[PDB]
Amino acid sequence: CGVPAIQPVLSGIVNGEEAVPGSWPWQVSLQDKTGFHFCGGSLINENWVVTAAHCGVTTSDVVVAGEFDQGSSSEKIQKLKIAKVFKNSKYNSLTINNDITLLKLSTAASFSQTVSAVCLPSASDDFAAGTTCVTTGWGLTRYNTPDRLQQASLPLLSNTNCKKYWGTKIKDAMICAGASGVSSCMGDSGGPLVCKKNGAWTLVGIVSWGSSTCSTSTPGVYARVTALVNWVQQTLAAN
């Protein structure tokens, strides 16, 4: 996991840049019956996708893998149906805490050079503040919806420094990043925030919430995967 067949190129979502096609193989798009993209997500293995609980995904939605340009019709993509939705029981819709949902596919995904899985961290893993990580998505680039997958590098913050911005809204199951020139925005929800650990890209955050105006001077908020991995493991082990 975490090693894309097509190596990504970073020259270092608002103020991001266009990514190399197929360089973020675990990035999927969640679409409704009409084909409307409403949230992002990440493949963790052939049968499962992880995304945000607030996205409100149902077994009537579709997972699209291997995509780059959403306006194109000549890409070799995979439209996968959803078997079951597993929302985290501790999700609080008022505080947006424990913002994580698992999707069991009704048909396994076919791995290739444009479709593969991202690695999951260990609950004890240490991702230090200041580390430069990456977030990707098809969300707004300006307050303008992009056709092509965007990417951005940004530093993780410590929850103590994030509280200076959001106060009591920052819970332990949350991690912040940004406030450095770029910003997650509408349409990015459920997408990944990845950092490289021992050579492999690892999922450390899931786009959750932030500035209503996608300010590039305010840190974005993501669900902290290390505080949620045990739940993921239990769910997988039981299904």
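Residues carry their position along the shown sequence, with the first being 1. Between two forms, the rigid core is defined as the largest C-alpha subset superposing within 1.5 Å.
Novice: After a core fit, does 134-142 or 79-87 show the bigger CA gap to the shown form in 9 other deposited structures of this protein?
Specialist: Of 79-87 and 134-142, the stretch deviating more in 9 other deposited structures of this protein is 134-142.
Novice: Do the Cα atoms of 184-192 stray more than those of 56-64 in 9 other deposited structures of this protein, or is it the other way round, with the core held fixed?
Specialist: This comes out as 184-192, the stretch further from the shown form in 9 other deposited structures of this protein.
Novice: Counting only other entries that model residues on either side of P21, is it left out in at least a third?
Specialist: In none of the comparable entries (those modelling both sides of it) is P21 left without coordinates.
Novice: Among other entries of this protein with both neighbours modelled, does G220 go without coordinates in a third or more of them?
Specialist: It is not, since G220 is included in all of the other entries that model both flanking stretches.
Novice: Residues with no coordinates between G12 and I13 in the deposited sequence, how many: none, 1 to 3, 4 to 9, or 10 or more?
Specialist: Unmodelled stretch: 1 to 3 residues, a short break.
Novice: Count up the deposited residues without coordinates from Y143 to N144 and drop the result into none, 1 to 3, 4 to 9, or 10 or more.
Specialist: Count of unmodelled residues in between: 1 to 3.
Novice: Tell me which stretch, 160-168 or 110-118, has the higher mean Cα B-factor listed in the entry.
Specialist: Mean C-alpha B-factor is greater for 160-168.
Novice: Which of the two stretches, 181-189 or 30-38, shows the higher mean Cα temperature factor in the record?
Specialist: Mean CA B-factor is higher for 30-38.
Novice: From the list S208, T213, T202, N45, select the residue with the highest C-alpha B factor recorded in the entry.
Specialist: By C-alpha B-factor in the record, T213 ranks first.
Novice: Out of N98, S93, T101, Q151, which residue has the highest Cα temperature factor in the PDB record?
Specialist: It is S93.
Novice: Going by what the PDB entry lists, where does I77 fall on CA B-factor within its chain: lowest, middle or highest third?
Specialist: It falls in the top third of the chain.
Novice: Quick check for you: using the entry's CA B-factors within this chain, is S89 in the lowest, middle or highest third?
Specialist: It falls in the top third of the chain.
Novice: What third of the chain, by the recorded C-alpha B-factor, contains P155?
Specialist: Middle third, going by the recorded CA B-factors of the chain.
Novice: Compare the C-alpha B factor of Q70 with those of the other modelled residues in its chain, then answer lowest, middle or highest third.
Specialist: Middle third by C-alpha B-factor.
Novice: Is the Cα B-factor recorded for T59 in the lowest, middle or highest third of its chain?
Specialist: For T59, whose C-alpha B-factor we compare with every modelled residue in the chain, the answer is the highest third.
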